[PDB]
Amino acid sequence: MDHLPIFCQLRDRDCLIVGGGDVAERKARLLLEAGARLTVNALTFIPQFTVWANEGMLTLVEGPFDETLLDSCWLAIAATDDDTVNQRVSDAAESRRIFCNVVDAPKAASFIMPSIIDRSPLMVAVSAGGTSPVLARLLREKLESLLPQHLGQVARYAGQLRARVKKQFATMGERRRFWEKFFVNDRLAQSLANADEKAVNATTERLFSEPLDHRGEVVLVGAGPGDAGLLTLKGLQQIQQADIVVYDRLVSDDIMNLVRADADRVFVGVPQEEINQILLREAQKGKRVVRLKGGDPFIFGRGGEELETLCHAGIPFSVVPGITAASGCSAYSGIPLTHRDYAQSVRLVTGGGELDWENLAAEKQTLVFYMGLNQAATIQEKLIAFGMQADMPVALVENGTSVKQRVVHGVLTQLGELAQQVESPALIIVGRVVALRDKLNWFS
Amino acid sequence: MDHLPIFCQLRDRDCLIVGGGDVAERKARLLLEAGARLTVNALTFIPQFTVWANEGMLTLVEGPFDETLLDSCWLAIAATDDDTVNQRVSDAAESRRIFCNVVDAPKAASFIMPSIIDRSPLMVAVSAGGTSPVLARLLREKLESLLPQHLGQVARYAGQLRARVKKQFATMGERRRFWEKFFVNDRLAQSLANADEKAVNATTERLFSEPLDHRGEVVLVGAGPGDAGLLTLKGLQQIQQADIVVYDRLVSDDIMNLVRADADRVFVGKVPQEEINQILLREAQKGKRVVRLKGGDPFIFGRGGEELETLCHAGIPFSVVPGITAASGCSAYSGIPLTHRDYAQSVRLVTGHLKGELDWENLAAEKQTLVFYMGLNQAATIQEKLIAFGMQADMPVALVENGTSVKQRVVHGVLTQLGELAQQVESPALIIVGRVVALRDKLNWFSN
Ligand SMILES: Nc1ncnc2c1ncn2[C@@H]1O[C@H](CSCC[C@H](N)C(=O)O)[C@@H](O)[C@H]1O
Ligand SMILES: Nc1ncnc2c1ncn2[C@@H]1O[C@H](CSCC[C@H](N)C(=O)O)[C@@H](O)[C@H]1O
Ligand SMILES: [Cl-]
Ligand SMILES: [Cl-]
Ligand SMILES: [Cl-]
């Protein structure tokens, strides 16, 4: 072992930073967030320090490095661009047995600052001794994506319940299993975060009442339009905690690979009624069910209908929104849905009853047709017949955001022509913003 | 932050443990692996301390607590079962400004020892501060089943190459690009774990030979509507690796905590558009990875087109990471789906304040959900115009303030109440008009 990680209590402990530039500013933010009684000594200071000083958050000492400033200090940081000053600081700290970091020379003095994932009171720290800061940030990134934002509130509450769980769960197998469902209970975490103290007390007693077997709940998760990177952090966390994942064709294979093989998978790509009962049945057997749907669950996803089935049965649910096809395709095709005065509104529209064509034909809109390929010849002839100018730009985006994305574009009088040239899943975008693609297309 | 994690170099530094039982032994073992010069002061010692002392790996002092034994120490650990003694140790260490752990009292004294996942020289440390040692242990096992055991050898080889990387690559960006390739090369990791130095050298030689692009980049990243969990995985990657992050006030606080700690951050809240464009242009022309972090989605009422056309006109590369737009986030978190069955044919995302003006006949049409962005100040005009162009007076409306955050507020009513409803909230807020608003009483799962 090269270094021993320790977690220091710095509240109201004198710490010293030498330096007043951006390096020192980054270190000082860290120590302020830890509650240090912070002094900063530098020949000059950047404006952020005077701001902190005027708010009484720290003390500034302008001038050359003064070793007597280390007199009552617990930690020192050398954060200048001058190697002779940093060596003076680390030498004075060493002789006082004060742990010291030289920012630009991690093996020069006595401690290294790791990458930190803060879920206080829960904290994770990653370092490799300065041999590989890029690896440390790469690992920090994975951990940040995995650890729910409000886990620390759950950790705090867990400690207050340590006594109750022991008196109810005899063996450590049992309370280990209790703690495992406790730390993944979404209703509890959001109830703690929202300061809804009655939902806390309801969730708390429901967690003690039900069998350890039962963790029944459904999460509707929007998987985004295809690219696995367009899943949300919460969405990834939910599919990592699922007992059962119910998905269909419009969920990309790259998304499905982020589900651990330890979860049951149920493929329902079958009228809507059957899907509703599947979710019902598996939530009532007490499993964590994630219903994965393409894009956003509440935008032509029939997501509402599945949740109404669950409401009439008393099964907790939540929804994780996702990137709808329009947003994904817009960003990845270089076609902004709005721009300057081009469009006062964006219309997301499907392809008994039928569409209001005069309304769709009006100016200053971006039109986005979902499930519109089969009707694309109709859409061309009717938009023209209802006054939309023949030179209106149109684009069709197929498999948007994925490695198979194809974009075709022209004007409206060639819209029906370009539509047989693509296949589902495809969006039809009509409007002046379509012209912007020649400049903004950064993708395939 | 409850604690500040630091990684201490203990080689040849005096450390004191008080106590000689099984707790002290566990801590002594750790401090010996770290290379500490270790004294153990205790009334009695379990046999393992005899084994260590015979080998000359530490100094035993048999007797009650000797405060003067702290005088040259960098760390102290109180590991007795006597809380009077433990607190004398903590007090003596405090006066000397020596960080001190009381093992049976995490909240007392001045450092805590975390759980350690060892892939030396790579190390991960986890602690919940004694609030939930069960959580720390569950997390410690997940981290174990996540970090490959190859990883220590990749990190060790990186350490050996750092001098050559600094010599051969002039700029900081080049060195970063090298390391970013180095750490994801699976063949190199396999060859290191196999001690196949022929393969190690050939892959390494090729890595050093690749042209490294020096161009700065600008990434437009949608931060989503507030909740940090609604950032995309790709958006998180970009802000974890940017040099500079240019962020609005419509980017929540929790999102900014996800920026890498050593990134520079430039505020552009309330500055006009051509201020922002130029700030991006220049830091990008400095060869730095720039992330432009905007609320919601960058291409929905975000003015992301204008910033990018300036960079295209100047030869600067760029990309766009979409985000959850306010309509989708507030929809999910208020229990108001934007489409549903027969209710809504179409969703309209509309801006509220503009220059000619809005096409109210168009907006008043039945079977749609209207979502007004930036429309608070015109709520009275919206109600009057939609009524005048034939929308039913009892049409449900909702206003979502600070959607998806812990401060989210929802008010709802009918169209004839829209103007007064808007006075009960402030920016940032959405106006939702449509029959789907009535679904809230069955689909609301978040709060109120
Ligand atoms: N990756 C993709 N590229 C282009 N269009 C897509 C797409 N994924 C879904 N779509 C569109 O969405 C339609 C299915 S309806 C479901 C839409 C989803 N809830 C969402 O928010 O996007 C398809 O007919 C297609 O037009
Ligand atoms: N968290 C939130 N809750 C409610 N409305 C929000 C919001 N965040 C942004 N908005 C809306 O967005 C308007 C700014 S326009 C910026 C919109 C952003 N690009 C997006 O895609 O959502 C605000 O006036 C408000 O109407
Ligand atoms: Cl160094
Ligand atoms: Cl490192
Ligand atoms: Cl022993």
Side-chain angles (χ1 to χ4, degrees), chain A residues 78 83 86-87 90 101-110 112 129-131 133 321 323-324 326-327 330-331 336-339 346, chain B residues 9 20-26 28-29 44-53 159 162-163 166 220-228 230 248-252 254-255 270 292-305 320 322-334 336 349-353 371-379 398-411 422 425-432:
Chain A
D83 260 306
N86 293 346
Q87 185 69 35
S90 75
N101 177 251
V102 181
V103 169
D104 60 20
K107 285 311 269 142
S110 42
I112 284 171
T131 76
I323 302 286
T324 191
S327 288
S330 155
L337 297 181
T338 52
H339 181 73
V346 188
Chain B
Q9 174 59 262
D22 271 290
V23 171
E25 189 272 347
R26 280 181 48 259
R29 192 170 295 273
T44 60
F45 307 91
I46 50 163
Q48 175 65 58
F49 285 107
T50 291
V51 163
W52 279 334
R162 272 198 73 80
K166 311 203 218 92
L220 247 190
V221 173
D227 187 342
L230 301 181
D248 284 82
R249 157 198 70 251
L250 279 187
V251 180
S252 73
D254 303 89
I255 299 265
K270 274 276 201 69
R292 177 60 172 111
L293 192 59
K294 324 196 71 144
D297 188 84
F299 279 177
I300 293 165
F301 304 123
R303 295 308 54 61
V320 181
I324 305 296
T325 192
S328 294
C330 293
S331 164
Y333 279 65
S334 65
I336 301 169
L349 316 184
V350 196
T351 166
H353 330 308
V371 187
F372 292 89
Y373 287 67
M374 311 160 272
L376 273 199
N377 301 329
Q378 288 319 323
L399 285 86
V400 185
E401 184 192 342
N402 286 313
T404 82
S405 85
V406 307
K407 283 203 82 291
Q408 175 178 293
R409 299 186 46 238
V410 178
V411 295
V425 307
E426 61 196 348
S427 304
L430 284 188
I431 303 171
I432 309 172

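Whatever order the structure lists them in is the order used to number ligands and atoms, beginning at 1. Here is the naming used below: chain letters follow the sequence lines, and residue numbers restart at 1 for every chain.
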State if B/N402 counts as touching ligand 2 under the rule of any non-hydrogen atom under 4.0 Å. yes
Hey, is B/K270 close enough to B/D248 for a salt bridge, meaning N to O under 4.0 Å? no
re atom 18 (C) of ligand 2, the protein heavy-atom contact at minimum distance is B/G295 O, 3.4 Å
So the atoms of ligand 2 within less than 4.0 Å of a heavy atom of B/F301 turn out to be 15 (S), 16 (C)
Hey, does B/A326 come in under 3.5 Å of ligand 2, counting only N/O atoms on both sides? yes
Could you check atom 17 (C) of ligand 2 against the protein and tell me its nearest heavy-atom contact, residue, atom and distance included? B/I300 O, 3.6 Å
Do B/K294 and B/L220 make a side-chain contact, defined as non-hydrogen atoms from C-beta onward lying under 4.5 Å apart? yes
Report the distance from atom CD of B/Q408 to atom CG of B/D227, rounding to the nearest 0.5 Å. 10.0 Å
Around atom 1 (N) of ligand 2, find the nearest protein heavy atom and jot down its residue, atom name and distance. B/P225 O, 2.7 Å
Measuring only between side-chain heavy atoms, which start at C-beta, is B/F45 closer than 4.5 Å to B/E25? no
4.5 Å side-chain heavy-atom contact, B/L399 and B/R409: no
Which of the ligand 2 atoms, numbered from 1, are nearer than 4.0 Å to a heavy atom of B/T325: 20 (C), 21 (O), 22 (O)
Rounded to the nearest 0.5 Å, what's the gap from CG on B/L376 to CD on B/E426? Could you check? 8.5 Å
Using side-chain heavy atoms (C-beta onward) and a distance below 4.5 Å, is B/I431 in contact with B/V350? no
Looking only at heavy atoms, is any part of B/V400 under 4.0 Å from ligand 2, and if so is it the side chain, the backbone, or both, or is it neither? backbone
Option set A/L337, B/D297, B/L430, criterion heavy-atom distance to atom 21 (O) of ligand 2, minimum: B/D297
Can you find a pair of side-chain heavy atoms, one from A/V102 and one from A/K107, that are under 4.5 Å apart? no
N/O donor to acceptor pairs below 3.5 angstrom from side-chain atoms of residues 324-332 of chain B, sequence neighbours left out:
residue : atom : partner : partner atom : Å
B/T325  : OG1  : B/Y373  : OH           : 2.6
B/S331  : OG   : B/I336  : O            : 2.7

In terms of residue, atom name and distance, what is the protein heavy atom nearest to atom 12 (O) of ligand 2? B/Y373 CD2, 3.5 Å
Do B/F301 and B/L349 have side chains that approach each other closer than 4.5 Å (heavy atoms only, starting at C-beta)? yes
Of all the heavy atoms in B/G226, does at least one lie under 4.0 Å from an atom in ligand 2? no
Considering the heavy atoms of B/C330, write down every atom of ligand 2 situated less than 4.0 Å from one of them. 3 (N), 4 (C)
Does B/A429 come within less than 4.0 angstrom of ligand 2, counting non-hydrogen atoms of the residue? yes
Would one find an N or O of B/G403, backbone or side chain, under 3.5 Å from an N or O of ligand 2? yes
Identify, for atom 13 (C) of ligand 2, the protein heavy atom at the shortest distance, and state residue, atom and that distance. B/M374 CG, 3.7 Å
